[PDB]
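This document opens with one chain alone, in C-alpha cells, the form deposited in one PDB entry.
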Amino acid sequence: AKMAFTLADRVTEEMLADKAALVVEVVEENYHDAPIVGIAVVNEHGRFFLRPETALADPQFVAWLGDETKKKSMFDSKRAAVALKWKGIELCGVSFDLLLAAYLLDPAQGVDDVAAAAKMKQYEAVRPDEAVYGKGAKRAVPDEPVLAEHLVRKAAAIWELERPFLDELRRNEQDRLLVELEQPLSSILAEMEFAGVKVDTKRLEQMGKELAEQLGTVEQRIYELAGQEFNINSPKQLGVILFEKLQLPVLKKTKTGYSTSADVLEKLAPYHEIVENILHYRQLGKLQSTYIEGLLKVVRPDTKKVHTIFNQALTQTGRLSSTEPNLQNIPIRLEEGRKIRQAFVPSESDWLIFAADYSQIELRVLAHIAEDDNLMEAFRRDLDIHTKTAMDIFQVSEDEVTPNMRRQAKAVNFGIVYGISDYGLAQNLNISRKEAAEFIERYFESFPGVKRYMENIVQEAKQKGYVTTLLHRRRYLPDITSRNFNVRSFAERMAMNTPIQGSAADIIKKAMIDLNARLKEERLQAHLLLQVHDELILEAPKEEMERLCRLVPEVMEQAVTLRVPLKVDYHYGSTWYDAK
C-alpha cells in the first residue's frame, strides 16, 4: 500500500514544525560538494517531499534548518550537514541520528541504511537504498515518483523508530553515549572533513617523478635476475619465478599458493639477490600507487585540499575509519615513507601543524581496568613500559636489558593488548608455540591483575553475551560459545581487546569534544584537521602555538580520570612531517 504524502511545489509553514524526521538525500558515496537529490519531511502535520532547488532557495526553510530550537531526527546527519556546508547552509537542531543509535546498539549489524536499522525493530515499510539506487556500475537516481516515495518512507521510518531506539539505548545505559558523545562528535567531524587538509601537490609530484625512475630501474634489475620478464605484482607469476624457477625454499604458503609477504621475503634474501630487489620494488610501489598517485587523485584541484570522510558508524570497537583518502595510515615508522607527510601543510600562510598523541593509552587503559598493581605503578612512575616488561619477564635489572630483550617484551605487550595467544605471539616473534607460551606465562606471573582481567572478561562475555567499554559502548560476541576452536579463539581475543581499544576510542572522542569547547572559549583560530586513533592533528596561526602547547595536552589528559595518569606528547611545525 503506497504511503501518502504531499509532493510540494513550495515550502509551507506546517513543514516547519519544531519536531520532524528530516531526509536530505545525498546519493554519491563521497558527499563532499555533492548534489542533494531530494528532501523529505515528516512531522505532526503530515509527510512532504521537496525538490532541493526549491527548498534550499527558500529563506524560511533555510532558517528552519539552521534553527537549533527546531528539532530534527535523521539518519547520518553528518552526510547532510557536510553536503549543506558546501552550499553555505547550516544544519542545526539534530537531536537524534538513527545511524549512530543503531551503531551503538549493535555495531555488528553493519547498518548502513534506514532499512537495515528499521529491520532491527520489525519495521520493513521502507526499501534498502541499494534496491532503489542499484549497485556499482548500474547505480543511479530514479525518477521523481520513485525517489519521492523512498525518501518519504525513510523519513517515516525515522519518525516511528526514534522512540524504540532511544528506549533500548536507555535500557543499555547508552543514551548519554549517543546524546553527549557521538552526536556532538558528529558535528565536529563534519567541520574537520569540510575544512580538509592542504596538500603540497608539487612536492608529491616531485616524489612521484623520482619514484618512477627508481621503480623502472629496480624493475629491470628484477627481470635480469629472473632471466625473464613477468608481472612482479602477480602472486602466481612471482611465486613461480621464486619457488619453481629459482627454486627458493617454501617457508610459508597461502590458501591459494605461495606466500611472498615481506617477512617471508626477508628470510629468503640470503638465497638470491632478486629477493632484496623485489622488496625494494614493493616499497617504492607502495608509496607510488597508494601515497603519491592515489593521494593526488583525490586532491581537489581548485583548493589543493583533500577532504576525507570519517566513518563514525563502522568499526566494531568504537574507533573511526577514514576513506578517500584514508588519512589514518600515512607512513611514519620508516623515513622513506614518512617523507609523504611533508606534503601535508597548513591551509593558510603563517599557520603551523600541531600534533598531540597519547603515550601508550591502550596499556594505560589496561592498567586501569585490570587494576594490576605492578602495571599501575609502572605508569605512575612513567617508566619505559617495554623495558619494564622486559625486566619483569626476564628477571633482570634495567642495565641487563638488551635491545633484543626489549624488542620481544614489546611484542608481548602488543600481544596482550590485541588479545594474547601462544600461536599468535609465536608467529610475531618467529619462535615455537611452546616458547611463546613461556613468555606469556612469565608475563602473567609479573602482571597477575592483567591475567585475572583476561580470564574474567572472557567469562563475562560468555555470561552477558557482550563486553563493554568505559563509556558503555558494547560489542556482542556470539562466537564466544562456538564449538570451533579457531572461531571461539578469535571471539575470546576480541573480548580481551575490545574493552581496551574501545575505551581508548571513548576517551579521545571525549577529548575532541572537550577540546573544541575550550578552543571556542579561548577564541583560538586553531582547529582540528584529523584524528588518528590516539592522536589529534590541528592547524593554527603560528601565534597560537605556545597556548596550544599547554591547552591541548591538558584537555586530552583530563578527558577522563583513570587509576593511572594519562600522558600526551606534542610537536608542531611547517608540515605534518615536521610536527615530530
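We call the rigid core the largest set of C-alpha positions that still match within 1.5 Å between the two forms. From 1 onward, residues are counted along the sequence shown.
Relative to one another, 358-366 and 486-494 have unequal mean CA B-factors, and 486-494 is the one with the higher figure. Mean CA B-factor, 41-49 versus 530-538: the higher value falls on 41-49.
You'll see in the entry that, of 256, 374, 289, 347, the Cα B factor peaks at 256.
Sorting 111, 101, 505, 155 by the CA temperature factor given in the entry leaves 111 at the top.
Ranked against the other modelled residues of its chain, the C-alpha B-factor of residue 315 as given in the entry falls in the lowest third. For residue 576, the recorded CA B-factor ranks within the lowest third of the chain. Only modelled residues enter the ranking. Ranked against the other modelled residues of its chain, the C-alpha B-factor of residue 478 as given in the entry falls in the middle third.
Among all modelled residues in its chain, residue 512 ranks in the lowest third by Cα B-factor. In the deposited entry, the Cα temperature factor of residue 307 places it in the lowest third of its chain's modelled residues.
Absent from the display: the form deposited in another entry. The rest refers to it.
Comparing C-alpha positions between this form and the one not shown after a rigid core fit, one residue in 449, 107, 419, 346 moves 2 angstroms or more. It is 419.
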